[PDB]
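1. got a structure for you, letters missing:
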Ligand SMILES: *[C@@H]1O[C@H](CO)[C@@H](O)[C@H](O)[C@H]1NC(C)=O
Ligand code: ALF
């Protein structure tokens, strides 16, 4: 379809060898990064609430609500800018390189990104090709060349491509002799094994030689040349069209399995907050309809609240209620998760078990956002040569047994022929003796609709009737290519459906002769089939870098080939016997900590802002915050935001020395259990109960007219302080009951939170500075605890609140 | 080479507690055994405390002074007979409650300038702009600004004991000792300028609803301005639509006779504060005090219920837990 002129001479519209893998342009990084960030539902609600606080009314200071929204936007943006500059600087080293070309009867040396379609390139021994050449000649006769495609298929066996026959005579000898030629090729395709072209070399006067081309004459990019002095090609594909840059697909934005449940929780609390605000406003304007409940001769708007329009004050009051019940959704659950992840990614790096003495290095964490997804994996799309076999690895069999025991389903997407990738798999225990292979290789599917009947015979009458451990499939790049690319022929009986059912119903699967992209197609179908089974992929070489970018958490291994598939991996382990300890002892703990941190960061604020709403019924719906103006600001900062951080950062749900010895445990947190609809309603019905107990059990306590032996009344700030003491004590004792790994830091931080709450209540009230425009809470906390019935009421409430947990323990224990 | 610090290797020393059925069950019995006695204690103490509430808001011709539910702009009086069945022995405290008086409103709980009431020479002549619209009257600043101090409760309640004969006997009511010590001694101080009070408030003006400036509340040199016990106990907000502010302290006699012997009394009230507009009700609560505070049954019932529902649940789980 495309006509290229070998000598480029008569008798343009194509890219010039510029691989561009980056995403953000240097100039428009911000106008794109901020628009990609502020599209989310959380990072935009935070901005709406910040603007409302700055415009209409704020109980707290605007800074304590818009300062976190800056540390969260400046840190994620810096992360993304750096992981983009890395690919910028890594593509700069692939372009702007040295590649010699025969410009005009001489050997000019340009930069790889300046090569245009249709010019005789040159390549010395052991040089990655600059572009998809077409072997034209060679210093030696026979027109042969020994290419080793280590960066495409991933195997290192010496292939051999034959140069054009009639052109073997051109070896630096007048190769610029207006060489008549015109290669009519086909549009660029990712097949990597099919290429149909033709040469039309013209002689002195005119020639009609038409030497049809094939895959034997095609020299892809990224295939080092072995055992040869020099060659001569003619770039046919170059830049974003070569067969090595066609099998990339690009990198998607990876979001953990938790960062979606946090988003569902936030989208439910948005509705809870809106319901609270709307119901409070409606009840406020149904209450102020009584002539004498607004301005009853003892408090009267000056003139502005009398003249202000009716329909604008309704909106201003709705906004005041929203801003006042702002705390339901915590912006302190992101500035905390940042630190949690940044500090938790170090325990995967330092761990002394990830140390290989040969290479003398350890693990590596390239992204700190997928830690919480090491304990959710369901599949493992391995790679045969280099990862499994280096003669299997040290423990390449016991690790696969541990990965079959924990519930995972290990596949093998290799790149070698079916003859050898089958024997190894038969040694790794992936194929036991009594495993009836369902071989769908191209050696048995020599037809178009034949495999159509193969799939029916296999599914509708062989396997779909069920013995779940007997069958193990096998495929090739010639059969799966049809199965997938031609999956738009039948829709009443979908091919891809029949095939995916067979694959997901077998014990283990294999795939021989797999091009780089077909791996990403398999790991893109598996990510979509029937929900979202979290997939994993563990490659070693620069050909796996596609499924490592398409999987959910792509683990990369640091092997003999190089660091081209480790620097694009979300992690790094220099072995395969590590993939057990990595995703059994570091996935379980990380997911447990993150799930409990989220559940608690939502419960600790619902229980905090429920009373501050219930109170609106005993006020005149006037938006009077029950608590003081310093407690609303300090709760999430110092009072109860210290403990959960230390818990999330160091707490073993189950001692790790037992997590890796019994891989059965990984099945308790497999289906995202710890954040499903069950526990989310157990934590939203514990907060919505403690937040009513606190309030009403203090309200009933204030029906006595006095609480001191000397008979003195208590204001409306002692209401707030009693409820806040009860609240802090309860939401710290809940975590002190939930924590089951008590280090020297957990005792310290937990008990220190309570001791500091007490000392701060004492020190904030008791000294007039004065720099406060108001003396509301001067001596409230001392005169409050100077009574004998207050201690008793509080010790009764901190137990009526913790009753549900102590009961669930005693019941979720026996039977 | 490998950094083996016992912290980084995730192998710190831990407690790893094991709490379950056989180790928490005795807790559901200790709770009951330590919550039933305290429950009965604070339900008998809150039961042996006497009090009385004499509403005198009027609202019905059948009241002693419904005559003043709609009177002329002059001082009013009542006489609300009340009788005590069993006299009071300890110290007796006289409160004055209200109803449907939202002293916790937002537009109301902030209507005050704390710097001023704390005695800031500057603020005394330039109160803040939050205590509006009671900030300045007659192009001058009000001494106590804000809607809180403006609407102070200005009723006068007085008890008279009717002895064997019709001669009414007055009772000793002391005003000192009703406001928090912390605040009256420190939070509320008179302006520093000079010693005599009338010259400290030079650019000031009594509140609008008030009838006498702040330097004439009481002649007593220690109860004269910005620290008047009643004024303070009113400047503390209510926290609910129905509150009860300490009014006077009746001291127990030296003799063993009851502070308020049983019989009939007179409640001579100088009606001034009108609370019929907003469907409110005033009343006088005469009550004694005990170690834990006034008469309130809640705490007792709550402790008893918690102790019992802990003991019963513990026994139930113990029976079933033993049953396996
Ligand atoms: C008492 O206060 C009320 C309400 O502010 C006021 O209307 C009345 O005139 C006052 N009466 C006095 C000062 O005796
Ligand atoms: F063994 Al491979 F890509 F097939 F590393």
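-> Good, I have the coordinates. Residues are numbered from 1 along each chain as shown, chains lettered A, B, ... in the order given. Ligands and ions are numbered 1, 2, ... in the order given.
2. Pick out the residue of the stretch 251-400 of chain A closest to chain B.
-> For the stretch 251-400 of chain A, the residue positioned closest to chain B under CB to the nearest CB is residue A:302, at a distance of 3.5 Å. (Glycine included, C-beta is placed from N, CA and C.)
3. Distance check, that residue against residue B:146.
-> As for residue A:302, its distance to residue B:146 is 12 Å (criterion: CB to CB, to the nearest Å).
4. Compare the two (neighbour count), which wins?
-> The neighbour count for residue A:302 versus residue B:146, taken as other CB atoms under 10 Å in any protein chain shown, is higher for residue B:146 (27 against 11).
5. Quick check: residues of the stretch 101-250 of chain B near ligand 1?
-> By CB under 6 Å from any ligand atom, the residues of the stretch 101-250 of chain B that approach ligand 1 are B:151, B:154, B:209, B:211.
6. How about the secondary structure of the second one?
-> Three-state call for residue B:154 (DSSP: H, G, I helix; E, B strand; the rest coil): coil.
7. what about the strands in the stretch 101-250 of chain B?
-> Defined through DSSP state E, counting those that start in this stretch, the strands belonging to the stretch 101-250 of chain B, from first to last, are B:156-162, B:168-170, B:244-250.
8. between these, which one is nearest to ligand 2?
-> Nearest to ligand 2, of all the strands of the stretch 101-250 of chain B, is strand B:244-250, at 82.0 Å by CB to the nearest ligand atom.
9. what about the helices in the stretch 1-150 of chain B?
-> Chain-ordered helices for the stretch 1-150 of chain B, with DSSP state H, counting those that start in this stretch as the definition, fall at B:21-24, B:27-44, B:106-109, B:114-117, B:147-150.
10. Output the contacting helices and strands for the longest one.
-> Read it as helix B:27-44. Where contact means 3 or more CB pairs under 8 Å, 6 or more residues apart in numbering or on different chains; DSSP states H and E, helix B:27-44 is packed against helix A:789-800, helix B:298-323.
11. of all those, which gets the most neighbours per residue?
-> With neighbours taken as mean count of other CB atoms under 10 Å in any protein chain shown, the helices and strands packed on helix B:27-44 reach their highest mean count in helix A:789-800, at a mean of 20.
12. could you point out which element follows that one?
-> Beyond helix A:789-800 on the C-terminal side, the first helix or strand identified by DSSP states H and E is helix A:803-811.
13. That following helix relative to helix A:789-800, how many degrees between them?
-> Between helix A:803-811 and helix A:789-800, the angle comes out at 40 degrees (axes from the mean of the first three to the mean of the last three CA atoms, to 10 degrees).
14. what's in contact with helix A:803-811?
-> Outside helix A:803-811, the residues within contact range by CB atoms under 8 Å, 6 or more residues apart in numbering or on different chains are A:686, A:689, A:734, A:737, B:19-21, B:24-25, B:27-28, B:313, B:317.
15. out of these, which are buried?
-> A:686, A:689, A:734, B:24, B:25, B:28, B:313, B:317 (16 or more other CB atoms under 10 Å in any protein chain shown).
16. Can you pick out the most distant pair from these?
-> Taking CB to CB as the measure, the buried ones among the contacts of helix A:803-811 span a maximum distance of 23.8 Å, between A:689 and B:25.
17. before we move on, back to that, redo the buried ones among the contacts of helix A:803-811 as CSV? Include distance to residue B:240.
-> Output for those, formatted as CSV (distance: CB to CB, whole Å):
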residue, distance to residue B:240
A:686, 27
A:689, 23
A:734, 29
B:24, 38
B:25, 41
B:28, 35
B:313, 34
B:317, 39
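18. number of nearby residues for residue B:273?
-> The tally of other residues near residue B:273 (other CB under 10 Å) stands at 16.
19. which residue packs closest to it, ignoring adjacent ones?
-> Excluding its sequence neighbours, the residue lying closest to residue B:273 (CB to CB, 6 or more residues apart in numbering or on different chains) is residue B:155, at 4.8 Å.
20. my guess is that neighbour meets residue B:268, correct?
-> No: assessed by CB atoms under 8 Å, residue B:155 is found out of contact with residue B:268, at 11.3 Å.
21. Contact residues of the stretch 151-300 of chain B facing chain A?
-> Along the stretch 151-300 of chain B, the residues adjacent to chain A under the rule CB under 8 Å from any CB of the partner chain are B:151, B:177-180, B:182-183, B:186-187, B:233, B:236-241, B:243-246, B:249, B:277-279, B:285, B:287, B:289-296, B:298-299.
22. what about 6 Å?
-> Near chain A, the residues belonging to the stretch 151-300 of chain B are B:151, B:182, B:187, B:236-237, B:239-240, B:244-246, B:278, B:289, B:291-294, B:296, B:298 when assessed by CB under 6 Å from any CB of the partner chain.
23. Filter these down to the ones in helices?
-> Members of these lying in helices (criterion: DSSP state H): B:182, B:298.
24. quick one on the thing from earlier: would you turn the contacts of helix A:803-811 into a markdown table with distance to ligand 1?
-> Conversion of those to a markdown table gives the following (distance: CB to the nearest ligand atom, whole Å):
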| residue | distance to ligand 1 |
| --- | --- |
| A:686 | 47 |
| A:689 | 43 |
| A:734 | 48 |
| A:737 | 53 |
| B:19 | 60 |
| B:20 | 64 |
| B:21 | 64 |
| B:24 | 59 |
| B:25 | 62 |
| B:27 | 56 |
| B:28 | 56 |
| B:313 | 54 |
| B:317 | 60 |
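25. Residue B:25 versus the residue in the stretch 201-324 of chain B that ligand 2 sits nearest to, what's the distance?
-> For the stretch 201-324 of chain B, the residue positioned closest to ligand 2 under CB to the nearest ligand atom is residue B:324, at a distance of 55.1 Å. Here the criterion is CB to CB. By it, residue B:324 lies 14 Å from residue B:25.
26. Kindly report the same for residue B:31.
-> Separation of residue B:31 from residue B:25 (CB to CB): 11 Å.
27. Excluding chain neighbours, what is closest to the residue nearest the centre of chain B?
-> In chain B, the C-alpha nearest the mean C-alpha coordinate belongs to residue B:245, at 4.0 Å (CA atoms, centre = their mean). If the residues on either side of it in the chain are set aside, residue B:245 comes closest to residue B:233, at 5.2 Å by CB to CB, 6+ apart.
28. give me the number of residues near the spatially closest residue to residue B:85 that is not a sequence neighbour?
-> Using CB to CB, 6+ apart and skipping residues adjacent in sequence, the residue nearest residue B:85 is residue B:262, 6.3 Å away. One way to gauge burial is a neighbour count; for residue B:262, by other CB under 10 Å, it gives 11.
29. Please apply the same query to residue B:83.
-> Using other CB under 10 Å, residue B:83 is surrounded by 10 other residues.
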